[PDB]
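Reviewing the structure listed below.
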Amino acid sequence: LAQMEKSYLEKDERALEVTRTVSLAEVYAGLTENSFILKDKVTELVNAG
Amino acid sequence: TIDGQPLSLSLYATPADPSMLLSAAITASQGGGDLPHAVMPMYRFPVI
């Protein structure tokens with residue numbers, strides 16, 4: 001346990017925390033293979049489930 | 001003598017003394033340990 005704690009303290013470093021915002025409208029619109037707009041396909045699939 | 005027994009008595013020398021037994025606690029030396037390489041932690045001084 002002390003060997004593992006020593007290796008943890010010698011290998012733990014800080015970070016680089018990054019948030020990334022992903023909108024599914026941009027992903028589904030720029031997918032280049034059966035790409036679609038989200039707002040009309042959701043009402044197509046909800047009004048006909 | 002007339003029977004063949006001596007007039008001047010024989011020698012009875014001193015035997016060997018009991019010795020004193022000796023031993024010794026001989027000693028050795030291993031040196032001190034070489035001080036390792038220091039590693040900077042991520043925590044502040046009270047935690048580490």
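To be explicit about the labels: the chains of the structure tokens are called A, B, and onward in the order shown, and within each one the residues are counted from 1, while ligands get numbers from 1 in the order they are shown.
Near chain A, within 10 Å and using only C-alpha atoms, the residues of chain B are residues 39, 40, 41, 42, 43 and 48 of chain B.
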Please produce a file of the residues just selected, as a PDB file, in the first residue's frame, where the atoms kept are C-alpha atoms.
```pdb
ATOM      1  CA  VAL B  39      10.151  14.283  -5.802  1.00  0.00           C
ATOM      2  CA  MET B  40       7.922  17.355  -5.720  1.00  0.00           C
ATOM      3  CA  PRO B  41       4.341  16.493  -4.683  1.00  0.00           C
ATOM      4  CA  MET B  42       1.055  18.064  -5.699  1.00  0.00           C
ATOM      5  CA  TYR B  43      -0.274  18.712  -2.203  1.00  0.00           C
ATOM      6  CA  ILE B  48       2.022  15.686   2.637  1.00  0.00           C
TER       7      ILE B  48
END
```
As number ranges by chain, which residues of chain A does DSSP assign to helix (DSSP H, G or I)?
A: 2-11, 24-29, 38-47
With N, CA and C atoms retained, could you export that selection as a compact mmCIF listing (two decimals), in the first residue's frame?
```
# COMPACT_ATOMS: atom_id res chain seq x y z
N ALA A 2 1.99 1.23 0.69
CA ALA A 2 2.86 2.40 0.69
C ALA A 2 3.59 2.55 -0.63
N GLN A 3 3.95 1.44 -1.29
CA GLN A 3 4.51 1.52 -2.64
C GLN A 3 3.50 2.10 -3.62
N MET A 4 2.24 1.70 -3.50
CA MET A 4 1.22 2.22 -4.38
C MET A 4 0.90 3.68 -4.09
N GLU A 5 0.95 4.08 -2.81
CA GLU A 5 0.73 5.48 -2.46
C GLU A 5 1.89 6.36 -2.93
N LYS A 6 3.12 5.85 -2.83
CA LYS A 6 4.28 6.57 -3.34
C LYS A 6 4.20 6.75 -4.85
N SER A 7 3.81 5.70 -5.57
CA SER A 7 3.67 5.81 -7.02
C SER A 7 2.53 6.74 -7.40
N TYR A 8 1.47 6.78 -6.59
CA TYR A 8 0.39 7.71 -6.84
C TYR A 8 0.84 9.15 -6.64
N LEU A 9 1.55 9.42 -5.54
CA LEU A 9 2.01 10.78 -5.27
C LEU A 9 3.08 11.23 -6.26
N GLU A 10 3.85 10.29 -6.81
CA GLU A 10 4.83 10.66 -7.81
C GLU A 10 4.23 10.77 -9.20
N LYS A 11 3.06 10.18 -9.44
CA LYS A 11 2.47 10.24 -10.77
C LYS A 11 1.22 11.11 -10.85
N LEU A 24 -26.57 18.61 -30.54
CA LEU A 24 -26.88 17.54 -31.48
C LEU A 24 -27.42 18.05 -32.80
N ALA A 25 -27.90 19.30 -32.86
CA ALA A 25 -28.32 19.86 -34.13
C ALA A 25 -27.13 20.06 -35.06
N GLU A 26 -26.00 20.51 -34.51
CA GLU A 26 -24.80 20.69 -35.32
C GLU A 26 -24.20 19.35 -35.74
N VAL A 27 -24.27 18.35 -34.86
CA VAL A 27 -23.71 17.04 -35.18
C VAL A 27 -24.56 16.33 -36.22
N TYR A 28 -25.88 16.38 -36.05
CA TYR A 28 -26.78 15.71 -36.98
C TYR A 28 -26.87 16.47 -38.30
N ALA A 29 -26.63 17.78 -38.29
CA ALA A 29 -26.66 18.54 -39.52
C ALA A 29 -25.38 18.39 -40.33
N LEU A 38 -32.54 18.64 -36.79
CA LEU A 38 -33.06 17.93 -35.63
C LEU A 38 -34.51 18.30 -35.35
N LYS A 39 -34.84 19.59 -35.47
CA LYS A 39 -36.13 20.12 -35.03
C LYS A 39 -37.30 19.60 -35.85
N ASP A 40 -37.08 19.24 -37.11
CA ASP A 40 -38.17 18.68 -37.90
C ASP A 40 -38.21 17.16 -37.85
N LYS A 41 -37.07 16.50 -37.67
CA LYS A 41 -37.12 15.06 -37.53
C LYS A 41 -37.67 14.64 -36.18
N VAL A 42 -37.53 15.47 -35.14
CA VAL A 42 -38.16 15.12 -33.86
C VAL A 42 -39.68 15.21 -33.96
N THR A 43 -40.22 16.20 -34.68
CA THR A 43 -41.67 16.26 -34.78
C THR A 43 -42.20 15.22 -35.76
N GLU A 44 -41.40 14.84 -36.76
CA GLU A 44 -41.78 13.73 -37.63
C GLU A 44 -41.83 12.41 -36.87
N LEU A 45 -40.87 12.17 -35.98
CA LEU A 45 -40.84 10.93 -35.23
C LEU A 45 -41.72 10.93 -33.99
N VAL A 46 -42.16 12.09 -33.52
CA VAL A 46 -43.06 12.14 -32.37
C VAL A 46 -44.52 12.13 -32.80
N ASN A 47 -44.87 12.88 -33.86
CA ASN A 47 -46.24 12.81 -34.36
C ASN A 47 -46.55 11.48 -35.04
```
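As for CA of residue 37 in chain A and CA of residue 22 in chain A, they are spaced 15.1 Å apart.
Note that CA of residue 13 in chain B and CA of residue 1 in chain B are 24.4 Å apart.
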